[PDB]
Amino acid sequence: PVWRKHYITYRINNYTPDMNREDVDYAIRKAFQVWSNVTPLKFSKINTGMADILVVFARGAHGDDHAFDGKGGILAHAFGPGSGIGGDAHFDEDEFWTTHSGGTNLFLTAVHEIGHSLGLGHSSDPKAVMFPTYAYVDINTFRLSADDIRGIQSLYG
Ligand SMILES: COc1ccc(-c2ccc(Sc3ccccc3[C@H](CCC(=O)O)C(=O)O)cc2)cc1
Ligand SMILES: [Ca+2]
Ligand SMILES: [Ca+2]
Ligand SMILES: [Ca+2]
Ligand SMILES: [Zn+2]
Ligand SMILES: [Zn+2]
């Protein structure tokens, strides 16, 4: 499935204590911008009511039958487009979420997870943001790969 509308809302359910709130907000907002910059999708943050994409920070078992695993390993996960838990993006609180160095970069991970929230799978290109393995890349030069663009535009272009 894909989202069958182009105005998509998100809501931050709770904040990781790893980062200042402003920096969580900014990383998430910029991550959505990565995908709206190459599609007709528009994303809006809401602060009450039910959003399409709920952003959650949780550790271990957190009520969706896909428990996290402590620091390392699975860093986050997200559900594909749909009602309810569909679209929601969960970040493992046992990671150390960061803006610049150390830990696991929240912006880069959110770009990957929102990709899943929108319906993308994984890429075989190590340069793709949808590559299955996280690695820190220079955020100043960050750019979707041709494969990422092809994938998202096949769904929403
Ligand atoms: C800059 O380029 C980047 C490239 C990749 C990433 C990146 C990759 C992976 C995760 S999370 C993860 C880690 C290990 C196994 C499984 C998962 C879940 C699936 C979990 C499940 O299936 O239960 C998933 O792939 O979303 C987060 C971020 C980020 C940036
Ligand atoms: Ca983990
Ligand atoms: Ca949802
Ligand atoms: Ca943490
Ligand atoms: Zn979850
Ligand atoms: Zn993934």
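Residues numbered from 1 in each chain as written, not as in the entry; some residues may be left out. Chains lettered and ligands numbered in written order. Heavy atoms only, no water.

**Here's the deal with the coordination of the calcium ion (ligand 4)**
Listed as protein donors to the calcium ion (ligand 4) are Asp18 (OD), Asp18 (OD), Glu93 (O), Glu93 (OE) and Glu95 (O); their distances from the metal cover 2.3 to 2.6 Å. A relative accessible area of 23% means that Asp18 is categorised as partly exposed. Classification of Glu93 as buried rests on a relative accessible area of 8%. (Donors = N, O, S within 2.8 Å, 3.2 Å for Na, K, Ca; no water. Buried < 20%, exposed > 50% of the residue type's maximum accessible area, 1.4 Å probe, protein only.)

**Structural notes on the packing of aromatic side chains**
The final tally for this structure, using the stated rule, is six aromatic pairs. Aromatic side chains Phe91 and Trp97 sit 5.6 Å apart centroid to centroid with 85° between the ring planes, which places their arrangement in the edge-to-face category. Each of the two residues, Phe91 as well as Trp97, counts as buried. Feature note: the residues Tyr10, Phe32 and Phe43 constitute an aromatic cluster, connected by ring pairs. (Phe/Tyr/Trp six-rings, centres within 6.5 Å; stacked < 30°, edge-to-face > 60°.)

**A closer look at the UniProt feature "active site" in the protein chain**
Following the UniProt record, the feature "active site" maps to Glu113 here. Within the element layout of this structure, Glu113 appears in helix α2 (residues 106-117). Given the relative accessible area of 6%, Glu113 is considered buried. Setting aside chain neighbours within four positions, we find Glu113 in contact with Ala76, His77, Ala78, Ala89 and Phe91. (UniProt positions renumbered as here; feature names shortened; annotations may be inferred. Helix = DSSP H or I, 4+ residues; strand = E, 2+ residues; numbered from the N terminus. Contact = heavy atoms within 4.5 Å.)

**Re the nonpolar core**
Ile28, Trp35, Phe43, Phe91, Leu106 and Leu118 are the most contacted members of the largest nonpolar core, which totals 35 residues. Within the residue set of this core, elements represented by two or more residues are β1 (7-12), α1 (21-36), β3 (53-58), β5 (89-92), α2 and α3 (146-156). Among the elements that line this core, the one with the most residues is α1, at seven residues. For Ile28, the residues in contact, after removing those within four places along its chain, are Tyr10, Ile12, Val55, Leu106 and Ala110. (Core = buried A, V, L, I, M, F, W, Y, C linked by side-chain atoms within 4.5 Å.)

**Quick notes on the sheet that holds β3**
Read from one edge to the other, the open sheet built from five strands follows the order β2-β1-β3-β5-β4, with strand pairing classed as mixed. The open sheet has two free edges, formed respectively by β2 (42-45) and β4 (76-78), since each of these has just one partner strand. Averaged over all pairs of adjacent strands, the angle between their axes in this sheet comes to 20°, without regard to strand direction. Pairing between β4 and β5: three bridges, direction antiparallel. By the bridge assignment for β5, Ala78 is matched with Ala89. Running over the sheet, α1 touches β1, β2 and β3 and is turned about 160° from β1. (Pairing = 2+ DSSP bridges. Axes fitted to C-alpha atoms, helices over the stretch in contact; angles between N-to-C directions.)

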